[PDB]
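First the structure, in the form of structure tokens, and then the observations on it.
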Amino acid sequence: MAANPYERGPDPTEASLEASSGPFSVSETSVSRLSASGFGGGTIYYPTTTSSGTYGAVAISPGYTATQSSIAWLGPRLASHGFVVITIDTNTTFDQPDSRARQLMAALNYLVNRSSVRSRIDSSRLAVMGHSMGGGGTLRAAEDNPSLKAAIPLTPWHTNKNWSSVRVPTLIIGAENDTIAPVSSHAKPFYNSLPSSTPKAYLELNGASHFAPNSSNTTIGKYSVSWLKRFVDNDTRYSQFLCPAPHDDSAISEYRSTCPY
Ligand code: NA
Ligand code: NA
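Heads up: the sequence shown at position 180 corresponds to 430 in my numbering, and the numbers run straight through without jumps.
Structure (structure tokens):
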């Protein structure tokens with residue numbers, strides 16, 4: 251038996267993470283706006299299998315004026331690697347980041363306590379994601395809920411630039427050519443303010459616009475899955491993708507250097 255009880259799926263490869271689907275078949279159900287307490291409803295994507303144990307859960311928020319159609323592709327992509335994922339609609343499409351932060355947590359609370367798939371979820375292993383203003387809400391949710399295992403703001407937008415109290419492992423994904431949430435005034439200031447004692451990363455998509463997260467994106471999928479695996483599942487099999495080194499090679503038992511050079 252693997253020492254880590256939360257490991258799911260076979261040993262990862264670059265190819266499996268770049269593919270459109272992970273190893274788990276995915277089913278879906280929905281929660282209506284009326285049934286959703288504290289948010290505007292959503293779609294739940296979950297692994298059909300339960301025989302390998304429970305999974306961590308992730309809530310994903312869209313951005314200003316947007317609905318869950320703008321983040322829908324993330325549902326099957328992440329769930330197929332062994333996660334229960336809810337893509338939410340917000341109370342109103344004009345909600346600000348700090349409101350979206352509260353709705354992300356309300357969605358996780360619904361998943362854990364009242365959803366039809368609650369029995370597939372390990373309530374102690376939760377994460378938050380979001381696009382644009384929903385990425386700003388992801389940062390605020392992480393700051394206010396340090397028990398979260400991971401946070402992934404996608405091209406985030408927020409007026410607050412100081413996130414030095416965030417103790418949740420955070421992967422910020424920025425778009426190089428973003429003109430709506432320019433990385434020079436949003437994503438990068440956010441990352442620079444995160445504590446160095448918190449596991450963190452900043453990934454910038456080459457030549458990408460603010461809307462890159464709204465359609466299938468191999469890079470977003472690979473590193474988002476790797477981040478969630480590493481920190482929601484404590485799955486160190488995915489460190490090779492977040493912190494590559496020559497000793498990932500099976501022929502190399504050790505590699506040390508004074509890189510970068
Ligand atoms: Na509601
Ligand atoms: Na150096």
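Ideal Cβ placement from N, Cα and C applies to all residues, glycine included.
My output table needs one value for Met379: the three-state DSSP class, helix, strand or coil. Looking at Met379 - three-state DSSP - the assignment turns out to be strand.
Three-way DSSP call (helix, strand, coil) for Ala501 in this model: Of the three classes helix, strand and coil, the one that applies to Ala501 here is coil, per DSSP.
Does the segment 273-283 touch the segment 308-321, meaning 3 or more C-beta pairs lie closer than 8 angstroms? Three or more Cβ pairs closer than 8 angstroms define a contact, and the segment 308-321 falls short of that threshold against the segment 273-283.
If you draw a straight line from the C-alpha of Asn395 to the C-alpha of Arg375, how long is it? A straight line joining the alpha-carbon of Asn395 with that of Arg375 spans about 12 angstroms.
Throw me the rounded Cβ distance for the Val482 and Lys411 pair, which I believe falls under 8 angstroms. In fact, because the Cβ distance is near 27 angstroms, the residues do not count as touching under 8 angstroms.
Whole angstroms are fine: how far does the CA of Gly457 sit from the CA of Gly306? Rounded to whole angstroms, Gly306 and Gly457 show a C-alpha spacing of 33 angstroms.
Measuring from each Cβ to the nearest heavy atom of ligand 2, keep the ones under 7 angstroms and list them in chain order. After applying the 7 angstroms Cβ criterion, the set is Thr508, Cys509, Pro510 and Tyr511.
Would you check if the segment 287-294 and the segment 430-445 touch, i.e. whether three or more CB-CB distances between them fall below 8 angstroms? Flag = no, the segment 430-445 and the segment 287-294 do not touch.
Examine ligand 1 and report whether any of its heavy atoms sits within less than 7 angstroms of the Cβ of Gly292. Result no, Cβ not under 7 angstroms from ligand 1.
Just mark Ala391 as buried or exposed, buried being the case when its beta carbon has 16 or more other beta carbons within 10 Å. So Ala391 ends up on the buried side.
Please go through the same chain and pick out, in chain order, the residues whose beta-carbon is closer than 6 angstroms to the beta-carbon of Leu421, but skip the five residues on each side of it. Beyond the five residues adjoining it in sequence on each side, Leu421 comes within less than 6 angstroms, by CB distance, of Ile402, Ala451 and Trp477 in the same chain, given in chain order.
Return the Cβ separation of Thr429 and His460 in integer angstroms, given the expectation that the two are a contact with Cβ distance under 8 angstroms. For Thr429 against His460, the beta-carbon gap comes to about 7 angstroms, under 8 angstroms, which counts as contact.
Any heavy atom of ligand 1 inside 7 angstroms of the beta-carbon of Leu455? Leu455 Cβ: outside cutoff for every heavy atom of ligand 1.
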